[PDB]
Participant: 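Structure below; questions to follow.
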There are 4 protein chains.
Amino acid sequence: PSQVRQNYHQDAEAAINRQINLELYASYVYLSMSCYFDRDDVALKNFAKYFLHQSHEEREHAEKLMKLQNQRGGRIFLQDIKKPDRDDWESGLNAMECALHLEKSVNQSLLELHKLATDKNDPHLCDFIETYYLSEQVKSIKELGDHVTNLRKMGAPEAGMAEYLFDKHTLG
Amino acid sequence: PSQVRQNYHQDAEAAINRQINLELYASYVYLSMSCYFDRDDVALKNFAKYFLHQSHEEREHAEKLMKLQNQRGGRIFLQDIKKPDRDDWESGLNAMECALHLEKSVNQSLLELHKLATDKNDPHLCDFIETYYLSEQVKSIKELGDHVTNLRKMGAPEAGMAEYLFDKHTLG
Amino acid sequence: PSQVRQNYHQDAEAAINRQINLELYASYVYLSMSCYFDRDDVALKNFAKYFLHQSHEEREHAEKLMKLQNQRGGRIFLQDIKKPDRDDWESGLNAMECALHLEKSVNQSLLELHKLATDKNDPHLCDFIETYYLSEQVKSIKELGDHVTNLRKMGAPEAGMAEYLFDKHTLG
Amino acid sequence: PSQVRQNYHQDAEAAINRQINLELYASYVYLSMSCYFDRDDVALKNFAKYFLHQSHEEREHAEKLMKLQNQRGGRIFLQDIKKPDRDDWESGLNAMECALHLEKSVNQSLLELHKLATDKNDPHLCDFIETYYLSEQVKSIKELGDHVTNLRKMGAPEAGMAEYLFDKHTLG
Ligand SMILES: [Fe+3]
Ligand SMILES: [Zn+2]
Ligand SMILES: [Zn+2]
Ligand SMILES: [Zn+2]
Ligand SMILES: [Zn+2]
């Protein structure tokens, strides 16, 4: 047992390892989306910039959980990062809808983690999740819902100027 | 009778109390509209910002009348602020049309108040209304009429890009 | 159901609507108190300034809950804002005592809301209340208790110079 | 008839001459009060400073009416400035009460003047009075009412420290 370990259940250590994998997976999905919008047959630079920013943010989320695991005296066990479900993301609207789905799935994972920390009476870990993860997920899910709403009303993907003008106005 | 009171008719005191209520009501209507445009299924940030600015302006109008009532030695009697007529304002165009209707109703209230101050030979109160209320209402009614004209010509609400591009160009 | 909604119970949505009404009511009570201290027969400018600051702060509290309701995919349903219990607040000491009573009643409402969010396993909403509401209420209740203590010891309201000198020293 | 005269009734010219005399009289009353508070047996420097400021302000009010009379092509006819009703103003509270009485009497004179300009269809003269005289009188009467309220509550003139502390806090 680590000299620093105190009130850190083996189940919490295991759940934090699963979450690190999921944040690294989310980072890979966003990178896949970023490089789709950089294709010459798609060519939406501000969609590509937006998803690359999200990819980097998710890597910072993963790295902060790795820091937490080490501060609490747990041990990081890394696993394969699975390839994303698509190479071709079809449209700006479809990628925003898939990003929304991914962010809600990551949020559900964190709520299951908070529930585990509550059941194991781990107040430091509960507060860590609330402070740096849950606040930020609610704000992300709302941003993506807003983007989806706006793109559907402008008539994306069938309206050719919808994603062009969204790329300049909302994402530019 | 207040030591400061001079040439302030009890009817004028009563009418200023009714106007305070109407400016506070207008503030509440604008706040209702502001929070409609912040819904994820509407998601027009600059429409929400515009109506929140109007909500704050109307609270400043109410507060200035409360200052007038106290300077003249009248007594403020507050009344319930009634809830707005809708929760769902339907579209950017509909909210602008409802705002236009509300601002004309507030203007008519002030013209009835000016007529009362003229009939009671209250020149200080007449000048107060002209200087800080009537000028400002004419300018508001014209701004809203302009917004409505522009949104109808762009084809709102059926044209999906009309309110999107109005939100960026006119309100951004 | 809203595309952004996740882990937000209908009871929590209803309770947040009741709290918005209570923060708007508190804003109206403070405005009533502010305009009492501006009467020429009361004439305590720094008491009026203090209560107007509180009125504005409570409107910011209400607006932040409206933002929370929209971020979580709930729907704001506004209700009438009831008129305050008095027009005449009697003295500086009495208004501070009534403000203390109001702030404890708002605090009890938030503790009932936290208990509901705990029972519905809503950690984002629990953390929101703790971070932006409960900390701030404890600090307000203590400030008002301090003011009341000081005014009673100086001999308010019977000692004429007590509220005058409190207005200059503590509130100036 | 003056080459510049247009729509200026002989009654309005006469009434403006009477008002010039009253503003010069008010200036003399305030100067009398200022020099009472500078006596070694009264010795309230900030009461003396306050009334000297009012004396100078009233001379500026008189001079602005003299400018108006000349702009409209009337002729200034000056009259004796009568001596004030007292040399000894008794107390800070009594002087503030006498100042309140004087300012209400000047205000009533201006309302009679506005009524005359309204009856003679002189809109330039009506607007002149509203803009530079009536606004300012309401604000003066309210300031003096506030001062009187505060001094009576602190227990002036019998409470020896009331006028001392008012001189430092309110007027300093
Ligand atoms: Fe002192
Ligand atoms: Zn993340
Ligand atoms: Zn208004
Ligand atoms: Zn509050
Ligand atoms: Zn004057």
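Letters A, B, ... mirror the listed sequences (proteins, then strands); counts begin at 1.
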Participant: Anything under 3.5 Å between chain D and chain B that's a donor-acceptor pair? List each one with its distance, please.
Facilitator:
| unit_1 | atom_1 | unit_2 | atom_2 | d |
| --- | --- | --- | --- | --- |
| D:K104 | O | B:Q6 | NE2 | 3.0 |
| D:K104 | NZ | B:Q3 | O | 2.8 |
| D:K104 | NZ | B:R5 | O | 3.3 |
| D:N107 | ND2 | B:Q6 | OE1 | 2.7 |
| D:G145 | O | B:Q3 | NE2 | 2.9 |
| D:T149 | OG1 | B:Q3 | NE2 | 3.0 |

Participant: Taking all non-hydrogen atoms of both residues into account, name the closest pair between D:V29 and D:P84 and its distance.
Facilitator: CA-CG, 3.8 Å
Participant: Can you name the nearest heavy-atom pair linking B:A15 to B:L113, along with the distance?
Facilitator: CB-CD1, 3.3 Å
Participant: Any chance you could measure D:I16, atom CD1, to D:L65, atom CG, to the nearest 0.5 Å?
Facilitator: 5.0 Å
Participant: Quick one: list whatever passes side-chain contact (heavy atoms from CB on, under 4.5 Å) with B:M154, sequence neighbours left out.
Facilitator: B:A162, B:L165, B:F166
Participant: So which heavy atom on B:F51 is nearest to which on B:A99, and how close?
Facilitator: CE2-CB, 4.1 Å
Participant: On a heavy-atom basis, which atom in B:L100 and which in B:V148 lie closest, and how many Å separate them?
Facilitator: CD2-CG2, 4.4 Å
Participant: How far apart are the closest heavy atoms of D:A12 and D:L125, and which atoms are they?
Facilitator: CB-CD2, 3.8 Å
Participant: Is it the side chain or the backbone of D:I129 that comes within 4.5 Å of chain B heavy atoms, both, or neither?
Facilitator: neither
Participant: Measure D:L111 against the heavy atoms of chain B and call it side chain, backbone, both or neither at under 4.5 Å.
Facilitator: side chain
